[PDB]
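Only one structure is covered here, and it is reproduced in the block below.
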Amino acid sequence: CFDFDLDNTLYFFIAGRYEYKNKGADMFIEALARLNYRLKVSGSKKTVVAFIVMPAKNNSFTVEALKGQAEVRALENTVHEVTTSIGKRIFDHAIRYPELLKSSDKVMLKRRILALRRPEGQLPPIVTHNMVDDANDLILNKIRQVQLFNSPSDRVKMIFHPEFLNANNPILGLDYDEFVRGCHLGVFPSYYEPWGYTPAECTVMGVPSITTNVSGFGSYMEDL
Amino acid sequence: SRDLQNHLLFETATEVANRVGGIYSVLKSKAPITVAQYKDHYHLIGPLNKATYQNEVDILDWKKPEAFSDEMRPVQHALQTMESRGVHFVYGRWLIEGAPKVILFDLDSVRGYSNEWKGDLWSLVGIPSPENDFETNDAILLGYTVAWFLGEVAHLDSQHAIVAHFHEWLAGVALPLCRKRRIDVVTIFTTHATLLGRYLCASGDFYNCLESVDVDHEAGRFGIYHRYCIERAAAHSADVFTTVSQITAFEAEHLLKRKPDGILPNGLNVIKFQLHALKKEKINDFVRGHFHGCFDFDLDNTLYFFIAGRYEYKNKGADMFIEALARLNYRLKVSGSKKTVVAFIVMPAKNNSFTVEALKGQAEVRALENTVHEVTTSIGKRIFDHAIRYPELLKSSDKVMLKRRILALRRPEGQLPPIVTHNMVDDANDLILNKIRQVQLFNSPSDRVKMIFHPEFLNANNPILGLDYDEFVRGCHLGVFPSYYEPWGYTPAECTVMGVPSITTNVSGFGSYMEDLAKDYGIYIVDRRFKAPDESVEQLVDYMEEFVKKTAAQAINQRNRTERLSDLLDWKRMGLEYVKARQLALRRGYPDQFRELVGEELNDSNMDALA
Amino acid sequence: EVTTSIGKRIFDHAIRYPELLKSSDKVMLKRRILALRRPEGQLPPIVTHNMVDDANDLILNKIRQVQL
Ligand SMILES: O=c1ccn([C@@H]2O[C@H](COP(=O)(O)OP(=O)(O)O)[C@@H](O)[C@H]2O)c(=O)[nH]1
Ligand SMILES: O=c1ccn([C@@H]2O[C@H](COP(=O)(O)OP(=O)(O)O)[C@@H](O)[C@H]2O)c(=O)[nH]1
């Protein structure tokens with residue numbers, strides 16, 4: 001259910017130690033729910049996918065989330081195989097001078113497309129892991145309270161990844177520094193934060209960011 | 001009078017378009033070869049699985065006049081007729097290589113006739129049917145429907161002879177009906193195992209005293225009677241009765257009480273596989289991350305052994321494997337050997353992903369690799385820039401980060417490399433861990449065979465072991481599959497196709513089959529059927545030892561030899577056994593018409609007796 | 001080649017815990033450096049090609065006239 005234009009979507013992210021109130025996770029999730037409303041009303045063309053990278057007690061990846069990446073990768077391979085077959089066929093014809101997809105290829109293509117179908121009415125998850133307390137976790141419950149559930153109607157999508165980032169992840173193959181750079185806007189709505197290295201290192205890496213005036217780094221930044 | 005020459009093929013099994021068994025694999029990989037031969041005369045039939053069919057089946061409109069050649073009309077009208085009476089089904093292509101046409105009956109649209117049918121069955125074949133057994137309810141439903149559909153085809157089609165193949169007891173209720181109603185189709189029943197075989201071996205003796213067990217009583221003892229009756233009825237009603245393996249055929253003869261007319265060994269789509277150095281290196285990379293902080297052996301002088309597959313401790317022969325390795329340890333310490341064997345058990349178990357310990361391992365060893373690289377390329381630039389300008393290279397800076405990365409490898413005194421890569425959800429009761437404890441293979445440097453249990457299938461995206469299973473297999477030196485109950489054994493056979501030496505048994509179907517075609521070819525066969533439990537084990541250790549003491553050139557000899565065996569196992573050769581089977585079914589069905597087509601009268605007691 | 005040898009040597013030492021250039025390497029290094037020496041007082045050319053008219057070409061003759 002991939003219904004939006006990646007050439008027209010922005011990636012927002014909040015990250016760091018899991019302090020719900022103090023890092024300002026609450027405000028973040030809440031403000032996003034509101035940015036959803038405004039973008040449906042303003043009938044906007046764009047899409048915001050927003051990551052919460054904050055470590056929580058977990059049991060590694062959800063079977064759902066892993067199948068996701070797997071099938072989509074197998075699509076990539078099969079497409080590639082198929083295209084390079086077309087390549088050889090197209091070239092070999094030209095060099096000799098004086099439907100390019102055989103049945104064979106149509107089949108394994110059709111199969112890889114069918115594997116993407118997801119069980120009717122099942123939406124993209126809001127969490128990438130097996131949460132060890134799915135009922136009491138502050139972050140999930142707030143993103144439920146605001147009903148950001150990733151239905152196609154929703155213009156801001158919600159991804160909670162309760163685990164630091166490592167390039168070797170089945171799901172998201174980046175280190176944290178890699179990931180930060182690949183995003184569009186860091187958001188760190190902190191309430192108690194004597195300095196805040198997350199936003200400051202966000203800035204050093206050349207990414208736009210939102211902090212507060214109760215953040216140390218905010219405080220400092222304000223005077224420039 | 002019908003055309004034996006150009007005939008119709010309907011292969012029926014529970015698995016058609018849904019992985020539930022291993023038969024799925026058999027049929028899926030046999031499709032390409034049989035579609036090639038029979039084109040659109042060939043249909044697979046099975047129960048529709050409303051949960052998965054949409055991922056595996058190109059649904060087709062079977063009503064368009066275009067859907068069938070004119071000579072194939074009958075089948076269309078047959079379905080037409082079937083719809084009339086209110087039977088629902090999916091016509092479609094099964095999206096595999098081959099893309100064979102598939103008929104998937106909707107068992108719900110017929111679940112009404114259930115009581116009437118359970119009855120009719122009892123009073124034609126005396127097959128009991130408790131109502132709490134859903135598999136047999138479905139097996140009966142499927143049976144009556146398919147028999148029905150063949151009734152119709154045999155009725156409407158008058159040009160082609162009709163052969164109908166059924167795999168395993170669940171798809172086997174149709175068989176009695178066909179013989180009873182004297183429907184005009186010749187029938188083949190293949191069994192990929194027996195019911196009693198499985199149930200007897202599930203406790204821990206068989207191949208000896210199996211020729212002398214009271215079938216009717218043991219089937220009872222297990223609460224299996226009605227299932228057993230179907231499997232038996234299936235085997236006697238069929239015109240041709242077969243099994244996948246020589247070994248299973250002996251089991252079948254005494255347990256179902258009919259001698260198989262032939263064997264239908266499972267081949268593979270060999271092209272779908274076809275390096276070793278390239279992949280061995282990925283395994284080296286894992287072994288270094290794992291034994292970090294006490295890496296005391298020469299990788300240029302270590303061999304990788306592996307057992308893999310479904311987690312059946314007794315039947316896959318995990319026990320013998322671990323045990324025999326403990327013994328291969330002894331022998332290698334005494335014989336004071338220079339070499340090291342690291343042995344993987346890739347068998348899926350209940351787990352909580354990776355152990356912190358095991359993940360730190362790979363992480364720190366990777367950070368070493370980076371730092372070394374960064375450092376060396378710095379030396380590079382420095383060396384070059386000096387030369388190009390003409391007329392301790394490690395600065396302090398580099399020494400520091402080098403020293404730190406080396407220090408991170410130190411492991412807490414007396415802590416050994418783990419025997420398991422995952423968080424086991426039952427560390428105390430798991431059969432594999434407890435056996436590798438009982439034998440005290442704990443990976444101390446004294447130990448010459450190291451033990452790695454990886455309770456999880458292999459995927460290239462693993463933090464620990466960055467291979468797919470095919471990649472991993474190739475990177476190893478010897479597969480070891482000491483199986484005790486194993487009607488075929490795809491794990492060893494695909495091991496061989498990939499050009500890796502392997503050890504199987506003579507109670508393995510694949511073993512059984514392989515025996516008839518010695519060890520120089522990369523296939524060792526342990527005798528598990530005649531020698532006693534212990535001599536078996538010992539024979540195993542002798543085989544491993546011999547392998548360890550092979551020279552660099554002796555090993556490259558074997559490997560090159562097994563690699564040529566591969567083409568023997570493709571369907572292109574193994575498929576010919578199915579042709580023998582189908583044609584024996586015809587020769588038995590139309591003894592007269594067959595004589596005309598051949599020019600004489602050929603023997604009809606085996607499939608080998610025929611050709 | 002030489003550096004990646006150093007690489008392997010440095011790493012293998014560390015992984016096992018508990019002048020990196022052998023003679024072998026010094027030699028082929030020394031030889032490659034010596035091959036750069038150019039015949040005394042011979043300067044870097046002002047032209048990369050074999051000119052079919054080295055005497056009349058406008059471009060060469062101007063860059064001679066200015067003695068670059
Ligand atoms: O996936 C991640 C996310 C966090 N970080 C690091 O972990 C620290 C956690 O941020 P925290 O909020 O605790 O720092 P603060 O901003 O409060 O100083 C950051 O400095 C990041 O450099 C990381 O290494 N990987
Ligand atoms: O990590 C793994 C381990 C095994 N397999 C596959 O699983 C099968 C295991 O065979 P199984 O034991 O289930 O059946 P049998 O050995 O009796 O044929 C092999 O065919 C492999 O192709 C896999 O894909 N990934």
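Identifiers in this document derive from the order of the structure tokens: chains are assigned A, B, ..., residues are numbered from 1 separately in each chain, and ligands are numbered from 1 in order of occurrence.
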Problem - Distance-based interface of chain B with chain C, 10 Å, counting only C-alpha atoms, as a count of residues only - result: 41
Handout entry: DSSP helix (DSSP H, G or I) selection over chain C, as a ChimeraX atom specification
Key = /C:2-16,23-34,58-65
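Pairwise distance (CA of residue 582 (chain B), CA of residue 607 (chain B)) equals 8.9 Å.
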Quick one: residues within 12 Å of region 65-67 of chain C, only C-alpha atoms, excluding same-chain residues fewer than 6 positions away - as a PDB file with N, CA and C atoms, in the first residue's frame?
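Saved the output as selection_1.pdb:
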ATOM      1  N   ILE C  46      57.063  20.234 -22.901  1.00  0.00           N
ATOM      2  CA  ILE C  46      55.985  21.207 -23.044  1.00  0.00           C
ATOM      3  C   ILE C  46      54.900  20.644 -23.952  1.00  0.00           C
ATOM      4  N   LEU C  58      52.780  27.158 -34.530  1.00  0.00           N
ATOM      5  CA  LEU C  58      52.625  28.464 -33.904  1.00  0.00           C
ATOM      6  C   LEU C  58      52.680  28.406 -32.367  1.00  0.00           C
ATOM      7  N   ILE C  59      52.029  27.389 -31.796  1.00  0.00           N
ATOM      8  CA  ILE C  59      51.882  27.256 -30.344  1.00  0.00           C
ATOM      9  C   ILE C  59      53.219  26.925 -29.663  1.00  0.00           C
TER      10      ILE C  59
END
Exercise for the section: Using only C-alpha atoms and all ligand atoms, determine which residues fall within 9 Å of ligand 2, then list them as a VMD selection string. Expected result: chain B and resid 21 to 22 25 308 to 312 316 346 to 348 456 to 459 468 to 470 472 481 483 485 to 495
Exercise for the section: May I have the residues within 7 Å of region 133-143 of chain A as an MDAnalysis selection string, using only C-alpha atoms and disregarding those fewer than 6 positions away in the same chain? Expected result: chainID A and resid 20 26 29
Completion exercise
Among A:219, A:128, A:166, A:209, ligand 1 is approached most closely, using only C-alpha atoms and all ligand atoms, by A:166
Problem - Expected selection as a VMD selection string for ligand 1 within 7 Å, only C-alpha atoms and all ligand atoms - result: chain A and resid 15 to 17 53 to 54 163 to 165 176 193 195 to 199
Restricted to N, CA and C atoms, what would the selected residues look like written as a compact mmCIF listing (two decimals), in the first residue's frame?
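Writing the result to out-v5.txt gives the following:
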# COMPACT_ATOMS: atom_id res chain seq x y z
N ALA A 15 15.39 11.69 18.04
CA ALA A 15 16.26 10.61 18.46
C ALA A 15 16.90 10.84 19.83
N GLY A 16 17.45 9.78 20.41
CA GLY A 16 18.19 9.91 21.66
C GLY A 16 17.74 8.96 22.75
N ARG A 17 18.15 9.26 23.97
CA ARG A 17 17.78 8.49 25.15
C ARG A 17 16.28 8.54 25.29
N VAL A 53 13.59 7.29 16.82
CA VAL A 53 14.69 6.40 17.12
C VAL A 53 15.02 6.59 18.58
N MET A 54 14.37 5.81 19.44
CA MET A 54 14.59 5.89 20.88
C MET A 54 14.58 4.49 21.49
N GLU A 163 15.36 1.25 18.97
CA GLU A 163 16.66 0.61 18.94
C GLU A 163 17.67 1.48 18.20
N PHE A 164 18.88 1.63 18.72
CA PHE A 164 19.86 2.43 18.02
C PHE A 164 20.13 1.88 16.63
N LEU A 165 20.78 2.70 15.81
CA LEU A 165 20.95 2.35 14.42
C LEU A 165 22.36 1.82 14.15
N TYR A 176 23.77 5.61 12.70
CA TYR A 176 22.98 6.79 13.05
C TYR A 176 23.45 8.01 12.26
N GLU A 193 16.92 19.70 29.34
CA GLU A 193 18.04 19.32 28.49
C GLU A 193 19.12 20.37 28.63
N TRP A 195 22.25 20.46 27.83
CA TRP A 195 22.91 20.82 26.58
C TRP A 195 22.15 20.30 25.38
N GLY A 196 22.26 19.00 25.16
CA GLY A 196 21.60 18.40 24.03
C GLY A 196 22.57 18.16 22.90
N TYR A 197 23.24 17.02 22.92
CA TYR A 197 24.18 16.73 21.88
C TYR A 197 23.48 16.27 20.62
N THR A 198 22.33 15.60 20.76
CA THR A 198 21.57 15.15 19.58
C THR A 198 21.27 16.26 18.58
N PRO A 199 20.67 17.38 19.02
CA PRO A 199 20.45 18.49 18.09
C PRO A 199 21.74 19.12 17.60
Could you make a table, as a Markdown table, of the residues of chain B that have an atom within 12 Å of an atom of chain A, each with its nearest atom pair and distance in Å to one decimal, counting only C-alpha atoms, in chain and number order?
| residue | atom | partner | partner_atom | distance |
| --- | --- | --- | --- | --- |
| B:32 | CA | A:104 | CA | 10.3 |
| B:50 | CA | A:119 | CA | 11.7 |
| B:51 | CA | A:119 | CA | 9.1 |
| B:52 | CA | A:115 | CA | 9.9 |
| B:53 | CA | A:114 | CA | 10.2 |
| B:54 | CA | A:114 | CA | 7.4 |
| B:55 | CA | A:114 | CA | 5.0 |
| B:56 | CA | A:111 | CA | 6.6 |
| B:57 | CA | A:111 | CA | 8.2 |
| B:58 | CA | A:110 | CA | 8.0 |
| B:59 | CA | A:110 | CA | 11.4 |
| B:93 | CA | A:107 | CA | 9.2 |
| B:94 | CA | A:107 | CA | 8.9 |
| B:95 | CA | A:107 | CA | 5.7 |
| B:96 | CA | A:107 | CA | 6.6 |
| B:97 | CA | A:104 | CA | 6.6 |
| B:98 | CA | A:104 | CA | 7.6 |
| B:99 | CA | A:107 | CA | 7.0 |
| B:100 | CA | A:107 | CA | 10.8 |
| B:351 | CA | A:59 | CA | 9.9 |
| B:352 | CA | A:59 | CA | 6.4 |
| B:353 | CA | A:60 | CA | 6.5 |
| B:354 | CA | A:60 | CA | 8.7 |
| B:355 | CA | A:60 | CA | 11.2 |
| B:356 | CA | A:60 | CA | 11.9 |
| B:359 | CA | A:168 | CA | 10.9 |
| B:362 | CA | A:168 | CA | 10.7 |
| B:363 | CA | A:168 | CA | 9.7 |
| B:366 | CA | A:168 | CA | 11.1 |
| B:422 | CA | A:60 | CA | 11.8 |
| B:423 | CA | A:59 | CA | 10.4 |
| B:459 | CA | A:170 | CA | 9.5 |
| B:460 | CA | A:170 | CA | 9.1 |
| B:461 | CA | A:170 | CA | 5.6 |
| B:462 | CA | A:170 | CA | 7.2 |
| B:463 | CA | A:168 | CA | 5.8 |
| B:464 | CA | A:168 | CA | 9.5 |
| B:465 | CA | A:168 | CA | 11.1 |
| B:466 | CA | A:168 | CA | 9.6 |
Problem - Contacts of residue 576 (chain B) at 12 Å (only C-alpha atoms; same-chain gap of 5+ positions) as a PyMOL selection string - result: chain B and resi 30+33-34+37+262-267+568-571+581-583+607-608+611
Please produce a file of the residues just selected, as a short mmCIF file (atom, residue, chain, number, x, y, z; two decimals), in the first residue's frame, where the atoms kept are N, CA and C atoms.
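Written file, out_3.cif:
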data_model
loop_
_atom_site.label_atom_id
_atom_site.label_comp_id
_atom_site.auth_asym_id
_atom_site.auth_seq_id
_atom_site.Cartn_x
_atom_site.Cartn_y
_atom_site.Cartn_z
N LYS B 30 9.35 -30.18 -10.14
CA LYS B 30 9.08 -31.12 -11.21
C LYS B 30 8.21 -30.51 -12.30
N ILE B 33 9.81 -29.54 -15.96
CA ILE B 33 10.03 -30.70 -16.83
C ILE B 33 8.74 -31.32 -17.35
N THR B 34 7.70 -31.41 -16.52
CA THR B 34 6.45 -32.05 -16.95
C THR B 34 5.52 -31.12 -17.77
N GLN B 37 6.88 -31.42 -21.22
CA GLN B 37 6.40 -32.61 -21.92
C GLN B 37 4.92 -32.53 -22.26
N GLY B 262 7.61 -49.58 -8.14
CA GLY B 262 8.75 -48.77 -8.52
C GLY B 262 9.05 -47.64 -7.57
N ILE B 263 10.11 -46.91 -7.88
CA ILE B 263 10.59 -45.83 -7.04
C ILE B 263 10.51 -44.56 -7.86
N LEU B 264 10.12 -43.47 -7.21
CA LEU B 264 10.08 -42.17 -7.87
C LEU B 264 10.90 -41.16 -7.07
N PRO B 265 12.23 -41.24 -7.20
CA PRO B 265 13.19 -40.43 -6.45
C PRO B 265 13.01 -38.96 -6.81
N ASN B 266 13.21 -38.07 -5.85
CA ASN B 266 13.01 -36.64 -6.07
C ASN B 266 14.25 -35.98 -6.67
N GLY B 267 14.12 -35.41 -7.86
CA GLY B 267 15.23 -34.69 -8.44
C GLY B 267 15.09 -33.22 -8.13
N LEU B 568 23.37 -35.67 -12.39
CA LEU B 568 22.64 -36.91 -12.24
C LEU B 568 21.30 -36.72 -11.52
N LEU B 569 21.19 -35.64 -10.76
CA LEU B 569 20.03 -35.46 -9.89
C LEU B 569 19.01 -34.48 -10.44
N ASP B 570 19.27 -33.93 -11.62
CA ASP B 570 18.30 -33.03 -12.24
C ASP B 570 17.07 -33.84 -12.65
N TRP B 571 15.94 -33.16 -12.84
CA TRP B 571 14.71 -33.83 -13.24
C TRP B 571 14.84 -34.44 -14.61
N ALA B 581 6.45 -44.92 -14.67
CA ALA B 581 5.31 -45.13 -13.79
C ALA B 581 4.01 -44.95 -14.53
N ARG B 582 3.89 -43.81 -15.21
CA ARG B 582 2.67 -43.49 -15.95
C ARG B 582 2.40 -44.56 -17.02
N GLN B 583 3.43 -44.91 -17.78
CA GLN B 583 3.29 -45.88 -18.84
C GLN B 583 2.99 -47.28 -18.33
N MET B 607 7.95 -51.24 -13.04
CA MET B 607 8.19 -50.17 -14.00
C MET B 607 9.55 -50.40 -14.66
N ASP B 608 10.43 -51.09 -13.93
CA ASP B 608 11.71 -51.51 -14.50
C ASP B 608 11.51 -52.75 -15.36
N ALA B 611 10.37 -51.25 -18.89
CA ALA B 611 11.45 -50.69 -19.71
C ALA B 611 12.78 -51.36 -19.41
#
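Of note, CA of residue 81 (chain B) and CA of residue 146 (chain B) are spaced 13.2 Å apart.
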Completion exercise
Computed gap from CA of residue 590 (chain B) to CA of residue 38 (chain B) is 20.5 Å
Handout entry: Contact residues around residue 7 (chain A) with only C-alpha atoms at 10 Å, ignoring same-chain residues under 2 positions, as a VMD selection string
Key = chain A and resid 4 to 5 9 to 10 46 to 47
Practice task
Write out as a list in words each polymer residue whose atoms come within 12 Å of residue 47 (chain C), counting only C-alpha atoms; drop sequence neighbours fewer than 6 positions from it.
Solution key: residues 54, 57, 59, 60, 61, 63, 64 and 68 of chain C
Kindly export the residues of the current selection with C-alpha atoms, as a PDB file, in the first residue's frame.
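Listed below is the output, selection_10.pdb:
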ATOM      1  CA  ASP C  54      57.941  20.772 -34.588  1.00  0.00           C
ATOM      2  CA  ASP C  57      53.909  25.123 -35.201  1.00  0.00           C
ATOM      3  CA  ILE C  59      51.882  27.256 -30.344  1.00  0.00           C
ATOM      4  CA  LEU C  60      55.251  25.590 -29.630  1.00  0.00           C
ATOM      5  CA  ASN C  61      57.192  28.504 -31.108  1.00  0.00           C
ATOM      6  CA  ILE C  63      55.966  29.007 -25.795  1.00  0.00           C
ATOM      7  CA  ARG C  64      59.622  28.892 -26.839  1.00  0.00           C
ATOM      8  CA  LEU C  68      58.357  28.633 -20.441  1.00  0.00           C
TER       9      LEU C  68
END
